[PDB]
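File shown: entry.cif. Contents: mmCIF, C-alpha atoms and all ligand atoms.
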data_query
loop_
_atom_site.label_atom_id
_atom_site.label_comp_id
_atom_site.auth_asym_id
_atom_site.auth_seq_id
_atom_site.Cartn_x
_atom_site.Cartn_y
_atom_site.Cartn_z
CA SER A 7 21.17 -4.00 72.46
CA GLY A 8 21.63 -5.17 68.86
CA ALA A 9 20.33 -7.62 66.23
CA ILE A 10 21.43 -9.54 63.06
CA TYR A 11 19.28 -9.01 59.95
CA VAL A 12 19.57 -11.83 57.37
CA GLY A 13 16.91 -12.54 54.75
CA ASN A 14 13.43 -12.48 56.33
CA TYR A 15 14.91 -13.04 59.86
CA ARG A 16 15.97 -10.92 62.89
CA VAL A 17 18.33 -12.63 65.44
CA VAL A 18 18.36 -11.09 68.94
CA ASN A 19 19.40 -12.09 72.52
CA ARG A 20 16.35 -14.06 73.80
CA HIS A 21 16.37 -12.00 77.08
CA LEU A 22 16.08 -8.75 75.10
CA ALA A 23 13.34 -9.93 72.63
CA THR A 24 10.42 -7.49 72.35
CA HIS A 25 6.59 -8.18 72.19
CA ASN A 26 6.81 -7.96 68.33
CA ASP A 27 9.67 -10.49 68.31
CA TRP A 28 7.55 -12.99 70.27
CA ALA A 29 4.39 -12.39 68.12
CA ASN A 30 6.47 -13.19 64.92
CA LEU A 31 8.48 -16.04 66.58
CA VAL A 32 10.37 -18.44 64.22
CA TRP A 33 12.63 -20.20 66.78
CA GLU A 34 13.97 -19.61 70.34
CA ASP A 35 16.38 -21.50 72.62
CA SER A 36 16.71 -20.47 76.28
CA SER A 37 19.85 -22.61 76.70
CA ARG A 38 21.56 -20.47 73.96
CA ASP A 39 20.02 -17.03 74.86
CA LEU A 40 18.83 -16.76 71.21
CA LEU A 41 15.52 -15.82 69.59
CA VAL A 42 14.73 -15.42 65.86
CA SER A 43 11.69 -13.49 64.60
CA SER A 44 10.37 -12.86 61.05
CA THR A 45 10.62 -9.42 59.31
CA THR A 46 8.78 -7.82 56.32
CA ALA A 47 11.99 -6.23 54.89
CA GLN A 48 14.95 -8.23 53.52
CA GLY A 49 18.17 -8.17 55.57
CA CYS A 50 21.59 -8.17 53.94
CA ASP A 51 23.93 -9.29 56.76
CA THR A 52 26.08 -12.28 55.82
CA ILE A 53 26.49 -15.19 58.25
CA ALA A 54 29.95 -16.76 58.53
CA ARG A 55 30.18 -20.56 57.85
CA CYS A 56 33.66 -21.38 59.28
CA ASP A 57 35.69 -22.35 62.38
CA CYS A 58 37.48 -18.98 62.89
CA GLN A 59 38.67 -18.22 66.43
CA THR A 60 39.70 -14.55 65.66
CA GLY A 61 37.38 -11.66 64.85
CA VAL A 62 36.21 -8.16 65.87
CA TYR A 63 33.24 -7.26 68.13
CA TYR A 64 31.39 -4.04 68.74
CA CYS A 65 31.43 -2.85 72.39
CA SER A 66 28.67 -0.21 72.92
CA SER A 67 29.97 0.67 76.45
CA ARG A 68 33.22 1.94 74.84
CA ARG A 69 31.72 3.05 71.38
CA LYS A 70 34.52 0.94 69.89
CA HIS A 71 35.30 -2.28 68.06
CA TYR A 72 37.93 -4.67 69.55
CA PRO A 73 39.83 -7.54 67.91
CA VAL A 74 39.69 -10.78 69.94
CA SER A 75 40.65 -14.43 69.95
CA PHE A 76 37.67 -16.56 71.11
CA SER A 77 37.09 -20.13 72.13
CA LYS A 78 35.07 -22.79 70.10
CA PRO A 79 31.26 -22.95 70.81
CA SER A 80 30.60 -24.96 73.96
CA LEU A 81 28.61 -25.47 77.22
CA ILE A 82 29.79 -22.89 79.74
CA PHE A 83 28.50 -22.07 83.27
CA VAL A 84 26.80 -18.61 83.36
CA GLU A 85 26.00 -16.78 86.63
CA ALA A 86 22.35 -15.89 87.52
CA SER A 87 20.65 -12.68 86.28
CA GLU A 88 17.11 -11.16 86.36
CA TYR A 89 16.50 -13.25 83.18
CA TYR A 90 17.88 -16.72 84.05
CA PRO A 91 18.90 -18.75 87.11
CA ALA A 92 22.61 -19.87 87.20
CA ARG A 93 22.96 -22.52 84.39
CA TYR A 94 25.03 -23.98 81.54
CA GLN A 95 24.59 -21.91 78.36
CA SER A 96 25.31 -23.86 75.14
CA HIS A 97 26.97 -22.74 71.88
CA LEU A 98 28.89 -20.06 73.80
CA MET A 99 32.36 -18.64 72.91
CA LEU A 100 34.56 -16.70 75.48
CA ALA A 101 37.20 -14.03 74.80
CA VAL A 102 39.26 -11.69 77.00
CA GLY A 103 37.67 -8.25 76.55
CA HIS A 104 35.51 -5.58 78.09
CA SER A 105 31.72 -5.94 78.26
CA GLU A 106 28.76 -4.73 80.40
CA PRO A 107 25.13 -6.13 80.36
CA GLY A 108 23.96 -3.41 77.93
CA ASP A 109 26.63 -4.60 75.47
CA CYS A 110 24.43 -7.70 74.71
CA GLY A 111 23.59 -7.75 71.02
CA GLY A 112 26.90 -6.32 69.74
CA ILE A 113 28.06 -8.29 66.69
CA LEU A 114 31.23 -10.42 66.49
CA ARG A 115 32.49 -10.77 62.88
CA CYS A 116 35.37 -12.52 61.12
CA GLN A 117 36.52 -12.14 57.42
CA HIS A 118 33.64 -14.54 56.45
CA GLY A 119 30.81 -12.55 58.04
CA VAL A 120 28.72 -12.52 61.23
CA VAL A 121 29.85 -15.12 63.83
CA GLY A 122 27.63 -14.29 66.82
CA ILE A 123 26.35 -11.67 69.28
CA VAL A 124 27.51 -10.63 72.80
CA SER A 125 25.47 -12.62 75.38
CA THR A 126 27.51 -13.00 78.62
CA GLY A 127 30.35 -11.45 80.58
CA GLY A 128 32.06 -10.58 83.79
CA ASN A 129 35.62 -10.52 85.17
CA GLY A 130 37.34 -9.06 82.00
CA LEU A 131 35.74 -11.80 79.84
CA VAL A 132 33.08 -11.46 77.13
CA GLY A 133 30.92 -14.33 75.86
CA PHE A 134 29.28 -14.57 72.39
CA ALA A 135 26.27 -16.72 71.38
CA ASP A 136 27.36 -18.52 68.12
CA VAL A 137 25.00 -18.39 65.08
CA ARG A 138 27.25 -20.15 62.48
CA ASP A 139 25.53 -23.52 62.94
CA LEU A 140 22.03 -22.07 62.08
CA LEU A 141 22.22 -23.01 58.41
CA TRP A 142 18.50 -22.24 57.87
CA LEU A 143 19.05 -18.46 58.40
CA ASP A 144 20.17 -18.47 54.67
CA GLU A 145 17.50 -20.75 53.22
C1 LIG A 201 27.67 -8.94 78.44
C2 LIG A 201 27.84 -8.96 79.93
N1 LIG A 201 28.98 -8.45 80.50
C3 LIG A 201 28.84 -8.42 81.88
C4 LIG A 201 29.67 -7.90 82.86
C5 LIG A 201 29.20 -7.87 84.18
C6 LIG A 201 29.99 -7.25 85.21
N2 LIG A 201 30.59 -6.77 86.06
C7 LIG A 201 27.94 -8.39 84.50
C8 LIG A 201 27.14 -8.93 83.51
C9 LIG A 201 27.57 -8.95 82.18
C10 LIG A 201 26.95 -9.31 80.92
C11 LIG A 201 25.57 -9.88 80.72
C12 LIG A 201 25.13 -10.90 81.76
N3 LIG A 201 23.82 -11.47 81.43
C13 LIG A 201 23.87 -12.84 80.90
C14 LIG A 201 22.67 -13.15 80.00
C15 LIG A 201 22.70 -14.63 79.65
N4 LIG A 201 23.06 -14.91 78.41
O1 LIG A 201 22.49 -15.50 80.51
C16 LIG A 201 21.39 -12.78 80.78
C17 LIG A 201 21.40 -11.28 81.10
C18 LIG A 201 22.71 -10.72 81.61
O2 LIG A 201 22.73 -9.64 82.21
ZN ZN A 202 35.42 -17.01 59.69
#

Take the structure in the file and give it back as structure tokens.
Amino acid sequence: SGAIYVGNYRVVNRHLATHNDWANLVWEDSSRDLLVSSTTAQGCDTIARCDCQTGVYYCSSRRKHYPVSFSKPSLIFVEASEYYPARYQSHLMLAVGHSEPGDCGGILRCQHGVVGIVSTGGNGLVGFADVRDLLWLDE
């Protein structure tokens, strides 16, 4: 689990969105596993606007942060789950690192701010849903 709080928005994995998230829906994209809902309190997370390929992510299944190198956002094949059939997920970045399904939502950050959240994994790889292109999260 985990979310990004920026301005009047909450960014979560679309497959983990709650009833309140869907009743205050701003935008969702199944192909990216993202959902954004509106909040009443103001968030102070900063979103990165960069092309970094190094950062640190939080891994709840180890209660630890790990530094990683990660690929550029792209269309990558993701195996089936209870939430989606097997498909291409877009705007996804892979890194070599530990992750389990419950790790979804852990933040990946670089020196510029929040880059994305854990969304996929398996085989010693961890995949992050990018949020750096969502310029409207700031405006
Ligand atoms: C973060 C992670 N690490 C894993 C390791 C293993 C192992 N072994 C298995 C799964 C994972 C997952 C999450 C897989 N997943 C993908 C999500 C999506 N974005 O399509 C939908 C829900 C879901 O469970
Ligand atoms: Zn950066």

Checklist entry - If we count all atoms listed in the file, what is near stretch 18-34 of chain A at a cut-off of 9 Å, once residues fewer than 5 positions away on the same chain are taken out, given as JSON, numbers by chain? => result {"A": [7, 8, 9, 10, 39, 40, 41, 42, 43, 44, 45, 89, 90, 110, 111, 123, 124, 125, 135]}

What are the closest atom pairs, with distances in Å to one decimal, for each residue of chain A lying within 7 Å of ligand ZN 202 (chain A), using all atoms listed in the file, rows by chain and rising residue number, as a tab-separated table?
residue	atom	partner	partner_atom	distance
A:54	CA	A:ZN202	ZN	5.6
A:55	CA	A:ZN202	ZN	6.6
A:56	CA	A:ZN202	ZN	4.7
A:57	CA	A:ZN202	ZN	6.0
A:58	CA	A:ZN202	ZN	4.3
A:116	CA	A:ZN202	ZN	4.7
A:117	CA	A:ZN202	ZN	5.5
A:118	CA	A:ZN202	ZN	4.4
A:119	CA	A:ZN202	ZN	6.6

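Counting from atom CA of residue A:122, the distance to atom CA of residue A:99 is 8.9 Å.
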
Next on the checklist: If we count all atoms listed in the file and set the cut-off at 10 Å, which residues sit around residue A:106, ignoring sequence neighbours fewer than 5 positions away in its own chain? Please answer as a VMD selection string.
Outcome noted: chain A and resid 65 to 68 124 to 128 130 to 132

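Among A:81, A:121, A:62, A:140, the residue with the shortest atom-to-atom distance to ligand LIG 201 (chain A), counting only C-alpha atoms and all ligand atoms, is A:81.
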
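Considering only C-alpha atoms and all ligand atoms, the residue among A:47, A:102, A:74, A:53 positioned nearest to ligand LIG 201 (chain A) is A:102.
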
Item to check | Long-range neighbours of residue A:79 as a ChimeraX atom specification, 9 Å cut-off, all atoms listed in the file, 4 positions minimum in chain | outcome: /A:96-100,134-136
